[PDB]
Amino acid sequence: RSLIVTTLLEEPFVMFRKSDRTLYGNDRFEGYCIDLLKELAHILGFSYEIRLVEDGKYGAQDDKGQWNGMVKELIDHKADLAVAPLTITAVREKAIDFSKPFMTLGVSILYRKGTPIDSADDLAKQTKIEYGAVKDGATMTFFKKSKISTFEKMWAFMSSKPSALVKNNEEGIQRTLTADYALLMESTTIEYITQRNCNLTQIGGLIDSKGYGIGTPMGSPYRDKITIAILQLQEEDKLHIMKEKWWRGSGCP
Amino acid sequence: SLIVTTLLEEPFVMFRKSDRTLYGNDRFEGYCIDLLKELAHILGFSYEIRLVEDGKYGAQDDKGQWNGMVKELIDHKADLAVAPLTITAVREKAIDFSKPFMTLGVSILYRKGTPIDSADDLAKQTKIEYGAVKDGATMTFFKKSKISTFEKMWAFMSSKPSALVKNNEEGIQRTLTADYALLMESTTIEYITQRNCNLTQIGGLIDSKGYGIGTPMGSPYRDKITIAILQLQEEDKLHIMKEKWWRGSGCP
Ligand SMILES: O=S1(=O)NCN(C2CC2)c2ccc(F)cc21
Ligand SMILES: O=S1(=O)NCN(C2CC2)c2ccc(F)cc21
Ligand SMILES: C=C(C)[C@H]1CN[C@H](C(=O)O)[C@H]1CC(=O)O
Ligand SMILES: C=C(C)[C@H]1CN[C@H](C(=O)O)[C@H]1CC(=O)O
Ligand SMILES: [Cl-]
Ligand SMILES: [Cl-]
Ligand SMILES: [Cl-]
Ligand SMILES: [Zn+2]
Ligand SMILES: [Zn+2]
Ligand SMILES: [Zn+2]
Ligand SMILES: [Zn+2]
């Protein structure tokens, strides 16, 4: 029996391979998470089938507590693994079994260069510059439930204007380029664009300390096996090599 | 009540200074003590803190038997292990780690003004000695490492028995008294380098690890503590808790 792997298209984690031949099966995909998935399959000795999740979402719960996206697939036993930049959160951990993190990140700010803005505190105290995050993502949920006075003031801004929240990273990146808009985005993706689009930069440091984990249904025996494999991959400096493999662009002066 | 095994290690678990004799859990204070009180209240359990007898974190011997807090958890003599216990693959095969409550990496503790800039600089030369705490997580990393730089560095530490120190307190002195660089976890480096302005961190972080709460394998408290640690992080409580205990006179 092969494992069902649900995932999403997100640079540079999972991308479509380009080729002259028509590609079938797992051959269609490439990226950091694809290399990580082949490495886990190598260590644990299993075959898998990659399926893009249909609703194209990571996992948010509605007012009635029901989930969507990849997290729902794991809950409904419709998938064995969720290999994607799936942020480890307490609410998601109460529904699925996260492996230990394979990559660290924190929430930060994507914005233009040449601005006296030095922190998220500067965005909260002003109104001319609009800010937001990907709707129903981990970052937006952080601001929604946070009690820090600065982040409470920022969430009142995002929730009041529905256009402040973007559908995905691509729209948020586009909005920071076409309007006076700052995107609250996870640091790993910020590092990826700031090395390829020299117009954008990171503002301030990291506001929190989180990680990406491999999602499994609760009670899955593969969680602890993947955790140990991720630990072996880190100690062998291989998570370091394959991250530098996909994150290194031309750079920005 | 749950039995919690731990170790004396600044600033995670320390003896609370007092004129009168302290008994029970009142004897201890520190970051891990504050974390345990926070976890105990969230999960609603009572506990008894017991310093592990052999005074060790957890290493394997020649016969494969564990010692320290890890063995304490395997033999079910303790329910939780609240200490700066580094999450490693070999330990994860023996106990159930919670998700990390603190991030750290291996780095270098050495004197200021010295030319050494990285661990690779230490490997290429021989006049400046280097090592780590014996049978700790750092030493075990170099012993099993296949990276060519770390394979060479482990040959150096193992060749001269004095390169391995007994604990952090002795290792800090060897950087303060000899031409010696200590391979130390970054969180402990950050703590001392703000108290002893003659020491500094050489280079960046060599790897990326974390401290986790140890439980016996199959413990129902693992996920409960994991979720509680995640809530503590999202509520900025782990940030307040670390800043409280990472004090010092400060160094320019
Ligand atoms: O979501 S976690 O498993 N627990 C929260 N943390 C703690 C702040 C150290 C971190 C820090 C870095 C990670 F990669 C994961 C986590
Ligand atoms: O021991 S872990 O659970 N898995 C290894 N990592 C990965 C380098 C991201 C990290 C990074 C930071 C942590 F706090 C824990 C861990
Ligand atoms: C690319 C997207 C929308 C994902 C990636 N990790 C977060 C998650 O797992 O929810 C989202 C980013 C964010 O919310 O800042
Ligand atoms: C203080 C000591 C000996 C401990 C703390 N964490 C590591 C562990 O959990 O093994 C050790 C440090 C190190 O190995 O560099
Ligand atoms: Cl875990
Ligand atoms: Cl005792
Ligand atoms: Cl931390
Ligand atoms: Zn490396
Ligand atoms: Zn590298
Ligand atoms: Zn028992
Ligand atoms: Zn804070």
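First residue shown is number 1, and so on along the chain.
Even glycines carry a Cβ here, placed using N, Cα and C.
Taken from Swiss-Prot, the feature L-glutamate binding site applies to B:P84, B:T86, B:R91, B:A137, B:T138, B:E185. Feature annotation from Swiss-Prot assigns N-linked glycosylation site to B:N198.
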Residues within 8 Å of the B:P84, B:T86, B:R91, B:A137, B:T138, B:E185 Cβ centre (excluding the L-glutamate site residues themselves): B:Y57, B:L85, B:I87, B:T88, B:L104, B:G136, B:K209, B:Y211
Cβ atoms near B:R91 (L-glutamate binding site) (within 10 Å, other residues, all chains): 25
DSSP three-state assignment for B:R91 (L-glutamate binding site): helix
Fewest Cβ neighbours within 10 Å, where candidates are the recorded positions B:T86, B:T138, B:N198: B:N198
Cα-Cα distance linking B:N198 (N-linked glycosylation site) and B:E185 (L-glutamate binding site), given in Å to the nearest integer: 18
Cβ neighbour count (within 10 Å, all chains shown) around B:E185 (L-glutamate binding site): 25
Distant-in-sequence Cβ neighbours of B:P84 (L-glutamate binding site), under 8 Å, six or more positions away: B:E9, B:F12, B:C32, B:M102, B:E185, B:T187, B:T188, B:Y211
Recorded positions whose CB lies under 6 angstroms from ligand 10, from B:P84, B:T86, B:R91, B:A137, B:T138, B:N198: none
Surrounding CB atoms that lie within 10 Å of the CB of B:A137 (L-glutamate binding site), all protein chains: 22
Rounded Cα separation (Å) that holds between B:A137 (L-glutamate binding site) and B:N198 (N-linked glycosylation site): 26
Local backbone state of B:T138 (L-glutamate binding site), from DSSP in three classes: helix
